[PDB]
């Protein structure tokens, strides 16, 4: 059985990307954004075609991402930030709701939203993953933007 397999497309030329960065544990999101923007340029995304906004924390990602997607000016969005466990169930609540809103936005608007929100126990874990997750989200935004076009 040899069906049609759509080959992934990582060509960023012409894409419009939005990025919302939660600033809680700011050093983490900044490292993610530096890696993220850098990778987007590598993929061919124009610097003039990227908007970056920031919010206080991960629970504010939903409302900001929702607007940018509902504008339909963007082929794909990226959510950045870090939830680091402290002393309370607040970690579970934030991790759960921020990810759930990122899922909901992509389903209801058709705009892919790369989920680059870390959910980790320690500062060191977030530092170890920051740059990697940032560049990954750049590749997710580009690829899924192109995949959404093929399916419209």
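Residue numbers count along the first chain shown, from 1.
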{"property": "Residue stretch of maximal mean CA temperature factor, 56-64 vs 37-45", "result": "37-45"}
{"property": "Between the two ranges 66-74 and 112-120, the one averaging a larger CA B factor in the entry", "result": "66-74"}
{"property": "Chain-relative CA temperature factor third for residue 11", "result": "highest"}
{"property": "Residue 83 - Cα temperature factor, lowest/middle/highest third of chain", "result": "lowest"}
{"property": "Ranked against its chain, the third holding the CA B-factor of residue 128", "result": "lowest"}
{"property": "Third of chain Cα B-factors occupied by residue 31", "result": "middle"}
{"property": "Record-listed C-alpha B factor of residue 99: chain third", "result": "lowest"}
